[PDB]
Structures are given as structure tokens and as C-alpha cells.
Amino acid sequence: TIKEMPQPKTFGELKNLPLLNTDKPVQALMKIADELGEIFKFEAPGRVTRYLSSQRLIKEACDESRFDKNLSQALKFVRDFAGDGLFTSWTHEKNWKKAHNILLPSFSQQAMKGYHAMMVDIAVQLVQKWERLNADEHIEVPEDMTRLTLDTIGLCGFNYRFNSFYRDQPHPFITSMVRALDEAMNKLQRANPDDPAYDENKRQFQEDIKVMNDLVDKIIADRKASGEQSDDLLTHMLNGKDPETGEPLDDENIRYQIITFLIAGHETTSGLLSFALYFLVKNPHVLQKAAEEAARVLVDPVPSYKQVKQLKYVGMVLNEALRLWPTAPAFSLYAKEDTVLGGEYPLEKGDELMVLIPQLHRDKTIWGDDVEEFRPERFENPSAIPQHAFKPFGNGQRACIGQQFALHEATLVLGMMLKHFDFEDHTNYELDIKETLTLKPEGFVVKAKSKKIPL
């Protein structure tokens, strides 16, 4: 029969909204899910959504005949600089399907062969940085992983070198992108946004949008003028035509796609590598097994594309890190028509859902009682995992287009890290997860003892 869904504590006219007035709102929602279970209602002035945490309900939310991607308020605020790029467009906007059709072949597993050399260029910069540290210097892990993933998508995205390993202070483009993402997420908990106290925030936001547009528009214009052909996504987007409409992307949409890819490289992938190394140093037997694989497979100075594919256990380590701390921690859906969720929760057309991915990934009915343990071997027999239990890359046609790119880079880089260094958790680091667009382990530091294996 139909059930009334639970709701967390209220704040009078503000309803549930003050629960998210915290620097760690996703972690707050995870604790609410632990208390209330697989579904809860969340109300704010002028809005309602429902947070889902169980595979039982999320499998139904993943039914594209019943639910489509919604732009969360977070993505609506990011859309002020990511425009109608793939991540911040509605499925029904012409530019979504057009860009999807044009870009999907450039993001396939086969396409990764063409990006591999560029990925290796930045991975070798990381390895050399760490080889060149003096005794008992340490590594700032999320900082170096962010230098790597941003530079990798800049080089693969539009043949542009941010040169992050040559800097303390990021490239001006990156400082603007980070400040724009901070303003976007900050606005989720800004009570009176038209207060004159925020005139400076708005001025800075418009300045940061201009910095991002000016660099990307200039590179697109420079490439069109030269006629140069490279192994980058920009070459693919200038050349490509959508088979359906017969149209190419216009220069403005190409700029939004580049900004969108750069947001993605900077946040998700660096978080995944940071969490993977955190779990490895906290689980030395797992670290040893992964290091043994890296030594057995990566027999050449430079990893080959085919060797990265052979790092099976490293791939399982990365999936297990995505299980516990999926770095893009939620996505939003709306009901296409009236429908009943799970035989119990009637929804009206337009009703919204949020998928709380870290909670989904803690469903004991799927994973068993050891759900907080870091055990990559739980990915050894993936045909045994029920549908829609593991969703770190989202769902269906609106799933991450970058999944093969992210996993190729992370497997390459983690493999090289484990080949070249022993790691020490020299501070006995206490996990502290900072929330931006994404999740990452703030203040995570290690020491790395070279195995003295030349590149």
C-alpha cells in the first residue's frame, strides 16, 4: 500500500533548508539517510525533492521511460558558465543530442588509444616531480592529483598546457573556474542573494566568466585560423557533424563543451585518485597486491595503452574507491509522468528525485555486512551485482561521457605511482572530506620513497 515518506527536522518557515547550511551538506544528507532510510522528503521555501538511498528504489529511478535527468539547483548555477554543454543541458534541448552524437565516438574506449600519449606526458611530469623531492619532504595528494587531471584534460581537450607542475598559484583560468564553482555552490545556501553585500560576489562572478570565455574563445579562433589538426577533442568538434541534424556544433557551444570538460578534469578524476591512494595507504595488504600488479604489468619505461588495460586489480581498487566515495556524489531526476515508486510512493509528473550515490553504495542488501571495508575483490565477479547498484558515473543516456577517459587516466597514473614509489601515511591522516562541486580528501599528505626505476 502507499506509505508516507519520512522527513528530517524542520526550522519553521525555512522547512528543511537550514540542514544544508554547512560546509559538508552531502555528508549531512548521508547521516539523515542513515537515520530515516531509503527515502526522505526534503522541503525548502518554494521547493521539494526526495532523496533516494536504496538500490530497490534507485533501480526504478534509473528507468528512462519514467524519469529523465533534472538540473539540480547546483547544475542551474553551474550553467551560468557551462551553458548548454553536455553536463548542464536538458535532454530535450537540441544541443544535448547534437553534442552527444558528435562527441560519443571521441570518448569511446577505442578513442583512448589517441589520448594515451598526452596522458603519459602529464603522468611522467607527476612521477618526475615526486622523484625530485628531497628526503622527508612530503606530497600534497589532492593538490598534485588536481595539477595532473586539469593538465591532462587541457592537453587532450584543446592542446593547451596549463603547466600546473610549474606553479604554486594556478593558471588564471583555473583560479577563475574554481572561484566560479565556489560561487555556484555558495549560492545554494545564500538566504538574500540580492543584498548589496553580494555586489562584489556578482562582479567577481562576471569577471571569472569573462576570463574563462576569453581564453577558450581565443583558442577556438586560433585553431580555426591555423587549420591545424591535432589529437584533441577541439579538432573532433570543429570537424564533426551530427548524423541526425547534419549540423556541426557552433563555436559558442564548443566553448561550453571545453569549459564543461575542464570542470570535470579538475574535480572528479583528481578526487578518485586522491581517495584511491588514501584507501591504499590505510590498507597495506591491498597496496601490496596493487603494487605487485603494477610491477608485473608495467615492464617498459613508458606504459603502453594495452598495458593499462592489463591493470585489472588497479581497476578494481578504483571501482572500490568510487563505491565508498563517489566524487560526483549525487544526480537529480524528474518524473516524466505520474508513476508509483517502489509500489509505495506515488509521484506526480515533474516530481524530483535526488540519488545519494554514497548511500546507494552502502546498501547492505547488495554489498553485505562488510560495506564500510575497502575490499577491491568485491568487483571480481561483476555479473553478480544487481542492476543499478553501482552508479558513480550516473545513468543511461545522461551517464558520464568521460567515464572511459577518467578510468584510463586514473588506471595509468595509479599504476605508475605504484610502480615507482612506496608510500607512507606519515601523519596517520584523519579523513576530512571537502565538498565543492565534488568530494575530495582535504589535507591528505604522504611521503613517497622512490623505488629508483628509471623512466
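Between two forms, the rigid core is defined as the largest C-alpha subset superposing within 1.5 Å. Just count from 1 along the sequence shown to find any residue number.
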property: Stretch with greater C-alpha deviation in 9 other deposited structures of this protein, 169 to 177 versus 141 to 149 (rigid core superposition); result: 169 to 177
property: More shifted region, core-based fit in 9 other deposited structures of this protein, 286 to 294 vs 206 to 214 by CA; result: 206 to 214
property: Mean C-alpha temperature factor, higher of 211 to 219 and 137 to 145; result: 211 to 219
property: Which of 178 to 186 and 121 to 129 has higher mean CA B factor, as the PDB entry lists it; result: 178 to 186
property: Highest-ranked of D151, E93, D242, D195 once sorted by CA temperature factor in the record; result: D195
property: Residue selected from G85, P346, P326, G315 by maximal Cα B factor; result: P346
property: Record-listed C-alpha B factor of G46: chain third; result: highest
property: Entry-reported Cα temperature factor of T235, expressed as the chain third it lands in; result: highest
property: Ranked C-alpha temperature factor of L439 among modelled chain residues, by third; result: lowest
property: Relative C-alpha B-factor of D425, binned into the chain's lowest, middle or highest third; result: middle
property: B-factor third for the C-alpha atom of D351 within its chain; result: middle
